[PDB]
Amino acid sequence: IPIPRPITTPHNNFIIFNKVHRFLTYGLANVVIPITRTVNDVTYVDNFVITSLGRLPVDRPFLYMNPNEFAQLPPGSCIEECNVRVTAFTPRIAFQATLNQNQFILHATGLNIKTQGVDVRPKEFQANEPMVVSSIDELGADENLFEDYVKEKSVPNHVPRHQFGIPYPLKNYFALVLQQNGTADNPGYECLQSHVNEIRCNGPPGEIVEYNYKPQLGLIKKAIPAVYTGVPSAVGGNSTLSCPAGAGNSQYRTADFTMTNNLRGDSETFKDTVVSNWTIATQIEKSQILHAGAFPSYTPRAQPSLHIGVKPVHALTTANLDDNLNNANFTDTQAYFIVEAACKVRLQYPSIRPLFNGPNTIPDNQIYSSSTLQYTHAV
Amino acid sequence: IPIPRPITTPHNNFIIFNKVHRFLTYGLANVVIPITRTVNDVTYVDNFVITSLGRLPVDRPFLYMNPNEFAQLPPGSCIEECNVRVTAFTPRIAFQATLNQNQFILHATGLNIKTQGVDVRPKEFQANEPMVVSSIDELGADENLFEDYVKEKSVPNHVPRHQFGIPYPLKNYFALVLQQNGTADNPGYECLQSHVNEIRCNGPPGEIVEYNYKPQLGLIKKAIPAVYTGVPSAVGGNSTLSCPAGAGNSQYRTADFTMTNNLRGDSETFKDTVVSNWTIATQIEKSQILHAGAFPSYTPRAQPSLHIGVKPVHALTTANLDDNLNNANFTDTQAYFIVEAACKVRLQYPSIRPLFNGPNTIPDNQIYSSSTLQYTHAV
Amino acid sequence: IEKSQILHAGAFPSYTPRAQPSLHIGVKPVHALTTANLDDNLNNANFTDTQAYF
Amino acid sequence: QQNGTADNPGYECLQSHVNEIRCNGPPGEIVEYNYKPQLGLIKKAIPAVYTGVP
Amino acid sequence: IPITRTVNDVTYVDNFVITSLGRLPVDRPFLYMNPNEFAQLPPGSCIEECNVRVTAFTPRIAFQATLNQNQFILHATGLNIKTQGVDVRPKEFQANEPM
């Protein structure tokens, strides 16, 4: 009368990575870099306004790991959590004619979605040091953008940034922008100051904010699929009833009229397993659905800055001219994650799962950047 | 005055597998299967003596796992522990002229090293059912031997043994042997009975012995090596002093004179990283050295049997003739193990470790079987 | 002196250690962009002292 | 040693074995190194004197 | 600081990477004693123990155009065996001081 036979399905796992970089921003001139947008009839010029603000590839994996020795071997793996903490200090002024002043320091957390302006603009300079004077559209560039950074390769003459624990400057600064040229019926800028924080860091202001994110669908590899059977030709296919109710269709839209919001479309497409992602936006949720679902997605983006030391004395009316500050911000991170060996059919390799398996995708694969125009998610 | 920079080296891990097979032995005739050994002058014939005893690829991985979906992806992984438990029951006699009798059941644990005889002999039969009458040398055959078993492939007409939870017979039975022909100066057999255990299992004798083994060096994959530098040409090489003392040299020997022990050689070779192991003897310690060392190695091997129901009645003098018994033994196993992502040099892939790294091997790679002549280890 | 010495017959594999002191480095990159390293000087007064027992 | 082609990995995680400080002023004292050399010989040693078979 | 290793066919150039790191003849006796008045007279003598303690301070910057900054300080213990690179390289300079 006893029972005998025991067996089972899965086998999950975890692991993390630790990294500590040294970066630096600079009291970038808080100015207007207007760019001439031209159609059949050139007008509506976008006036970008720079901010000393920086950006941390926090949303990108390389920031957290070994290049390859690390973006290595985790088939089907996802990163559930991760976080960082800047902890910077006192600004390195220089006079290449001011002396002393109150250097304020600052940072703000992924204001990216709630600030319409974007982090594009690593620009060009002038005869007055910190001086954005050309800003290049760091946008629509999406695995090459944050791709020079990747050097932390072939050229040994870029002392591996990390490993050797070497300082660094960031090349992407934030800014806000406005399309105002046609006539004068264009409102002002957003209350930037509102989303940010000043300090009068006497010395080493020590540690700043600790960023933390639990990416919704932090996938970062192809996922294992399943194995149908029961109604055959080489590659069978069955279609069964259900109660929707509008099964998700990678649905999205919006549109505007003269800087004023008004329009919203929707576009619908179909669901099929994804077959790809070296180091790309980990916040992989707006283009992924696992198995049929209903989700509207979002994302965050830390940044650190030293404000800016203005140098106006006994000089009156339409004046801005500034001072330099090199500041040693001190980030470091933790990338937590899943791992897997969920196998299914004895003979097949190397990983499987069921029918209610890995996330489905948009047939024609769409993928979205984030260095230009967020609203509530990657444009 | 604070400290800033944190980082680290490794990342280890574990995992296991569960399997439950059904096997069966049979009250194999406890007889002498003599085989004619012939040199330039044929003599010294080896008299094998069969035993109902079975054998469980306990020392081999497939016994514990998914074929490929399992002997899959664990680069550098090792299996530290593993164990099983037979738990069999009442023998299935049949009369194809006896009726009832006292069927004794039994098993013994890897007596292999302490019993000179080997598990070879899956043989041939006769006109009297359980009847070893030909025994083939299941030995010197080493990834093909326990290779039919592997079917638990292309031929769907071998209902995957496991998965479907199907019974099975074992094809390797143990026996003892002696080389005694020239003249009559050859001693008898070993006290086999001494290493084994009888039962008068009324019914379902329930569970039997639980085998357990913590393989010394249970490696089962190529291991990651390190990366030297400092004195270059394409592939540099340095030679530094030390205090031996005779650094291990894969050293071994022995030899005999007329069934009597007397000789022992030694042979010495050099150390270099191994570059290989699908499913082979997990007990991989007699041919492996990790980093310089001094070890003499050993191994174990479970087996299960139902003894044998003799059928001699009113029949006198030189008599053996036997009865059949099919018995449902009920094994199942657990394979524990290490896993790894020990990485080293950022840019290299996919796994590394240091200079005091993975086990070194015999230059010309020697590998040893275990279905013939143990003494204290694979011949 | 242990990797080349044996006192009276033995069996030893040997090792050794080596302290070092540094002041890191003050980098001087401002408003200058792409493939840049150029540095600042620092003279630092380290203060060792020792004990040799025997 | 990396020149032939581009199949040569990167450097070792140096930072990993070292320690930074933001020594405001006189960071005072740092590490105390200590070593008990295995065979710290530093001179010729005295030998013995056999006899008995001359 | 790459150096050109050359065999019958020059290749495999070793790229050294400097570190502000120093070295203390800790493993050498003179560091501990009188030259001769000390490496003197101990026939058969051995040194069983020995140790040191650095205890340094604030860095002496100079501008021979930066002003102030966060000078970090450091040391590490005989990483020599666990770091493949070596303490060689007392080198040469440039037009930009530490170089």
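Scroll up a little and you will see the structure.
This write-up is about the structure you can find in this document.

## Focus on the overall build of chain D
What chain D contains, in helices and strands, is zero helices and one strand. Whereas a compact globule of 54 residues would reach a radius of gyration of roughly 10 Å, chain D reaches 26 Å, over 25% beyond that. Within chain D, the proportion of its 54 residues that are buried is 44%. Of the roughly 3,500 Å² of accessible surface on chain D, 59% is carried by carbon and sulfur atoms. Side-chain charges of chain D comprise 4 positive and 5 negative groups, with the mean position of each set lying 22 Å from the other.

## Focus on the interface of chain E and chain C
Between chain E and chain C, the residue contacts involve 45 residues of the former and 30 residues of the latter. Summing both sides of the interface, chain E and chain C together bury roughly 3,500 Å²; the carbon and sulfur share of this comes to 52%. Our count for the chain E to chain C interface comes out at one salt bridge. On inspection of chain E and its partner chain C, the count reaches 21 residue pairs in polar contact. Looking at the side of chain E that touches chain C, the elements with two or more residues in it are β3 (50-53), β4 (59-61) and β5 (74-77) of chain E. Looking at the side of chain E that touches chain C residue by residue, the classes come out as 23 nonpolar, 14 polar and eight charged. As paired strands, strand β5 (residues 50-52) of chain C and β3(E) are joined by three bridges and run antiparallel to one another.

## A word on the environment of A:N324
As for its position among the elements, A:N324 is in the loop between β15 (322-323) and β16 (325-327). Between the C-alpha atoms of A:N324 and A:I308, which are 16 residues apart in sequence, the distance is 7.7 Å. Apart from the residues within four sequence positions on either side, A:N324 is in contact with A:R92, A:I93, A:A94, A:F95, A:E129, A:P130 and C:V30. Only 3.3 Å separates the side chain of A:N324 from the backbone nitrogen of A:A94, close enough to count as a polar contact.

## Notes on the sheet that holds strand β3 (residues 32-35) of chain B
Residues and elements named next belong to chain B. With antiparallel pairing, the three strands of this open sheet are ordered in space as β3-β4-β8. The open sheet has two free edges, formed respectively by β3 and β8 (175-179), since each of these has just one partner strand. This sheet shows a mean twist of 20 degrees between the axes of neighbouring strands, independent of strand direction. Relative to strand β4 (residues 46-50), β3 runs antiparallel, the two being bridged by four bridges. Across the sheet, the residue bridging to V32 is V49, located in β4.

## As for the side chain of A:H107
All names here are of chain A. When you line up the elements, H107 lands in strand β7 (residues 106-109). Side-chain polar atoms of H107 contact the side chain of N197, separated by 2.5 Å. Residues in contact with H107, not counting those within four places in the same chain, are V196, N197, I208, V209, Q303, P304 and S305.

## Quick look at a nonpolar patch on the surface
On the surface, a nonpolar cluster with roughly 290 Å² of combined accessible area is contributed by A:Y368, A:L373 and A:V379. In this fold, A:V379 is placed in the segment after β19 (360-361).

## Considerations on the interface of chain E and chain D
Listed as interface residues are 39 residues of chain E and, on the opposing side, 35 residues of chain D. Here chain E meets chain D over a buried area of about 3,300 Å², counting both sides, of which 63% is carbon and sulfur. Between chain E and chain D we count zero salt bridges in total. Linking chain E to chain D there are 13 residue pairs in polar contact. Those elements that provide at least two residues to the side of chain E that touches chain D are β2 (14-15), β3 and β5 of chain E. Class assignment of the residues belonging to the side of chain E that touches chain D gives a composition of 20 nonpolar, 14 polar and five charged. One ladder, built from four bridges, connects strand β1 (residues 32-35) of chain D with β3(E); its direction is antiparallel. Within β3(E), the position partnered with D:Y35 by the bridge is E:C50.

## Things to note about the sheet that holds β1(D)
Remark on secondary structure: sheet strands pair via backbone hydrogen bonds, oriented parallel or antiparallel. Spatial ordering of the open sheet is given by β5(C)-β3(E)-β1(D), a layout of three strands whose pairing is antiparallel. Either end of the sheet is taken by a strand with one partner, and the two such strands are β5 of chain C together with β1 of chain D. Direction aside, neighbouring strands of the sheet carry axes that sit 5 degrees apart on average.

## Focus: the packing of aromatic side chains
Counted under the stated rule, the structure contains 17 aromatic pairs over all chains. Summarising the aromatic geometry, the rings of B:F23 and B:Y168 are spaced 6.3 Å apart at their centres and angled 55 degrees between planes, so their arrangement reads as tilted. Under the relative-accessibility criterion, B:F23 is labelled buried at 5%. A centroid spacing of 6.5 Å and a plane angle of 65 degrees characterise the contact between B:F356 and C:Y15, whose relative ring orientation is edge-to-face. Of this pair, B:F356 sits in the loop between β18 (338-340) and β19 (360-361) while C:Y15 sits in the segment before β1 (19-22), on two different chains.

## Some remarks on the nonpolar core
In this structure, A:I50 and A:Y64 are the most contacted members of the largest nonpolar core, which totals 37 residues. At the level of elements, β5 (82-85) and β9 (210-213) of chain A are the ones that each hand at least two residues to this core. Beyond its immediate chain neighbours, meaning those up to four positions away, A:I50 contacts A:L28, A:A29, A:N30, A:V31, A:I33, A:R121, A:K123, A:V132, A:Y173, A:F174 and A:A175. In this structure, B:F17, B:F62, B:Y149 and B:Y173 belong to the second largest nonpolar core, which totals 35 residues.

## Quick notes on the state of the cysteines
Enumeration according to the criterion identifies zero disulfides over all chains in this entry. Summary of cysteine pairing: B:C82 is not part of a disulfide, and the nearest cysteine sulfur, belonging to B:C78, is at 10.0 Å. Owing to a relative accessible area of 4%, B:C82 belongs among the buried residues under this scheme. E:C46 takes part in no disulfide bond, and the closest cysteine sulfur, belonging to E:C50, lies 10.0 Å away.

## Looking at the environment of A:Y252
Residue and element names in this part refer to chain A. When you line up the elements, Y252 lands in the loop between β9 and β10 (255-257). Looking at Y252, the relative accessible area reads 37%, which means it is partly exposed. Within the structure, the side chain of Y252 is placed 2.3 Å from the side chain of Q366, a separation counted as a polar contact.

## Describing the side chain of A:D46
All names here are of chain A. Topologically, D46 is positioned in strand β4 (residues 46-50). Residue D46 is classed as buried on the basis of its relative accessible area, which comes to 9%. A polar contact of 3.2 Å, which involves the side chain of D46, links it to the side chain of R37.

## Side note on unusual backbone geometry
A cis amide bond links A:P244 with the next residue in sequence, A:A245, at an omega value of 0 degrees. Structurally, A:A245 is set in the loop between β9 and β10. In this structure, the amide linkage connecting A:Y349 to the following residue, A:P350, adopts the cis form with an omega of -5 degrees. In this fold, A:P350 is placed in the loop between β18 (338-340) and β19. Of note, the phi angle at E:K91 is positive, near 60 degrees, even though the residue is not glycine. Its location among the elements puts E:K91 in the segment after β5. Look at E:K91 and you get partly exposed, because its relative accessible area is 44%.

Scoring rules and cut-offs
Residues numbered from 1 in each chain as written, not as in the entry; some residues may be left out. Chains lettered and ligands numbered in written order. Part of a larger assembly, values for the part shown. Heavy atoms only, no water. Residues with missing side-chain atoms left out of burial classes, pairs and counts. Helix = DSSP H or I, 4+ residues; strand = E, 2+ residues; numbered from the N terminus. Rg over C-alpha atoms; globule rule 2.2 N^0.38 Å. Buried < 20%, exposed > 50% of the residue type's maximum accessible area, 1.4 Å probe, protein only. Areas by Shrake-Rupley, 256 points an atom, 1.4 Å probe, with all protein chains shown as cover. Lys, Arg positive; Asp, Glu negative; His and termini not counted. Charge placed at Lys NZ, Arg CZ, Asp CG, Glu CD. Contact = heavy atoms within 4.5 Å. Buried area = accessible area lost by both parts, 1.4 Å probe. Salt bridge = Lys/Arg side-chain N within 4 Å of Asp/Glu carboxyl O. Polar contact = N/O pair within 3.5 Å; in protein donor to acceptor, adjacent residues only side chain to side chain. Nonpolar A, V, L, I, M, F, W, Y, C, P; charged D, E, K, R; others polar. Pairing = 2+ DSSP bridges. Axes fitted to C-alpha atoms, helices over the stretch in contact; angles between N-to-C directions. Patch = residues over 30% accessible without salt bridge, like charges linked within 9 Å, V, L, I, M, F, W, Y side chains within 5 Å. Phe/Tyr/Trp six-rings, centres within 6.5 Å; stacked < 30°, edge-to-face > 60°. Core = buried A, V, L, I, M, F, W, Y, C linked by side-chain atoms within 4.5 Å. Disulfide = S-S within 2.5 Å.

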